[PDB]
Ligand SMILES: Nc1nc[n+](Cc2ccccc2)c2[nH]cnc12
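In structure tokens, one chain follows: the form solved without the ligand.
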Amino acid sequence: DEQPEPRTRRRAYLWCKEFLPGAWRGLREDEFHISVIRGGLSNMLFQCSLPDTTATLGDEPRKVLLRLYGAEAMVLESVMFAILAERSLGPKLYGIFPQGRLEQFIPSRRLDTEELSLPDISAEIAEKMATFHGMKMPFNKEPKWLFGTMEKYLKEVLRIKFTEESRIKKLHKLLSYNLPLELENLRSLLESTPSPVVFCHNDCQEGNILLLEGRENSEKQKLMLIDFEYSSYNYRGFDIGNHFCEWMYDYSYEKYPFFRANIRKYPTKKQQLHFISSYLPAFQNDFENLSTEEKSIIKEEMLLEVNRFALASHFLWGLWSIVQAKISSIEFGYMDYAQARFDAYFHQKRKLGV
């Protein structure tokens, strides 16, 4: 039950006392409870609560989450969060300030990688993503995010000068593929792959899906998608393809390189069909009322769409991870992860016949 630094405790007390109504407003510092949920250098998370012996005066929360950012993007992220809260699609927003946010506390745990393949879990994720994709949001709707970001990362990657031997070697191998040309071949494939532009999460992995406390044995409505900070208008195929890729990566491994990758855990076509069978009628209202024939065509075209876009998940996050090897202050086997994504990229490309 980790306690924050006295400085952080006092700042948290003041934020809660000033931004939250009812019993919070008259709270004494020596009555304030706070514990560290997640440490680190950025997005530190704390649980803040009233004393058990303090009654609420109205409908103020008894417990809240404090997010500290640490050490235009701010405007967009804050507006998006506020909008998703209003629409009941994310945690409520209780307070916003230069240093962080006070959010609704949602009793829950995160999903584990293996849970992504449970049929009921996968069905709900599909429904939740289809819902998220229907959001109208006040952001640029031109789908420049995917290749814009890949181009940016590629430029950064080409110019990295490592000083450490193993990183120099792994980088040389990764750049030996001719990434500018390969990126262009990917662009060509994806340009011939129709995929609607929708508000995408862009990071639908197990670590960003809450299993809601007390709902674990309920068939539906037991999940919440969170951590929208990378969301943007983007190709629908990317969001689904990226999710499918996440079946293969477990980030909870406690030893170096602090992840495991398993190509054999990518969803089978049967599993993908189960997922898209839940996605489609959640995204397109009267989908169920189409002929078995037209449903099957729509499903077949979507399978090809999402599996082609899955290549962009590998390519983008592969480049991303090389960049983190250069710039990150967090411990993780970034170069080995990069190699794993590019290995998966070529394996997938082969299976596609592309």
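For every residue, the number given is its place in the sequence shown, counted from 1.
The form solved in complex with the ligand is left out here; the points below concern that form.
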Open or blocked: the ligand superposed from its pose in the bound PDB entry, cut-off 2.4 Å to backbone or C-beta: open
Option touching the ligand, based on a heavy atom within 4.5 Å in the bound PDB entry, out of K170, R110, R187, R215: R110
Partner-contacting position among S277, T193, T131, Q104 - heavy atom within 4.5 Å of the ligand in the bound PDB entry: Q104
Proximity to the ligand in the bound PDB entry (heavy atom, within 4.5 Å), stretch among 62-70, 282-290, 23-31, 297-305: 62-70
Proximity of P91 to the ligand in the bound PDB entry, heavy atoms at 4.5 Å: yes
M137 within 4.5 Å of the ligand in the bound PDB entry, heavy atoms: no
Touches the ligand in the bound PDB entry: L174 (any heavy atom, 4.5 Å): no
Heavy atom of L183 within 4.5 Å of the ligand in the bound PDB entry: no
Heavy atom within 4.5 Å of the ligand in the bound PDB entry - qualifying residues of 201-232: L210, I226
